[PDB]
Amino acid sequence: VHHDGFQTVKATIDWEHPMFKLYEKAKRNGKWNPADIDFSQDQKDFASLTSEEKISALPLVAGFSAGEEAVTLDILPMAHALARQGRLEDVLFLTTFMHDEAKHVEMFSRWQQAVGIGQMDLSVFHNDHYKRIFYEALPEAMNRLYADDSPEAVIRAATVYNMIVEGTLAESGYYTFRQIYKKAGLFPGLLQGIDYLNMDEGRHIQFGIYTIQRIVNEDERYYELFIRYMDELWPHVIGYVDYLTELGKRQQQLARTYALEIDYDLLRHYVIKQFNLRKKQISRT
């Protein structure tokens, strides 16, 4: 349907808008290119591992590659909905959000290509709980926005995408990866990629917080919706984390070999800690 008029013809960009400022920061701090990352030592590290040590890295990488591809695709209806609402500064920011996610997908796939597992189907490390979140709940919540852009719908989308998938699972995923492979001196190229990714994602979570808070600010009732939507997803979050833990505990060769005492109970509590932290970043008031 038709454009009424255009904001940058009638007026200008709202230069003081928080998402415009976040967009400016994204351009400044968004220059990294996954094509520049040197994965040659990652290839040597991976080839050096035993077959049993080889697999133990794959479940997390499977989770990330699928995760980045999903969020690359699944942000488009948010961008559509806020565009339809005339929120131009939000849309400007979301162009950097989307391109960031494209680089994230690119980075993990380049790592798989480089270490020699591009042809391997990593879907086998997605359990029912992972599928419930990434194959189903995430795309359902986002796609809803094409036909229903109510505050309830926008809060739920931002909750699943920004606060759970990015803010709880991905944040925990980064930590985990550094806790394991940074200590083992493994996969320097991947860890460099993860570092750049973690920086991008700090901006993404700020958009999610801004979006949820601005709606809660309209009506305190939406705060309770936010809490409820977080809690509804927790079982799948922890169900996936438990699955990953149980896998790590059955394939402990890498831990032994590299002196690592992967404290899975520490990782588990970090996930819980992230979940509760996200809740605290939204105020009822």
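Don't overthink the numbering: it's just position in the shown sequence, from 1.
Mean CA B-factor, 269-277 versus 15-23: the higher value falls on 269-277. Comparing 88-96 with 186-194, the higher mean C-alpha B-factor in the PDB entry belongs to 186-194. Looking only at 258, 64, 39, 240, the residue with the top Cα B factor in the deposited structure is 258. When all modelled residues of the chain are sorted by CA temperature factor, residue 202 is found within the middle third. Remark: residue 83 belongs to the lowest third of its chain, ranked by C-alpha B-factor as recorded.
In this PDB entry, the Cα temperature factor of residue 77 sits in the bottom third of its chain's modelled residues, the lowest group. Residue 253: CA B factor in the highest third of modelled residues in this chain (values from the PDB entry). When all modelled residues of the chain are sorted by CA temperature factor, residue 29 is found within the middle third.
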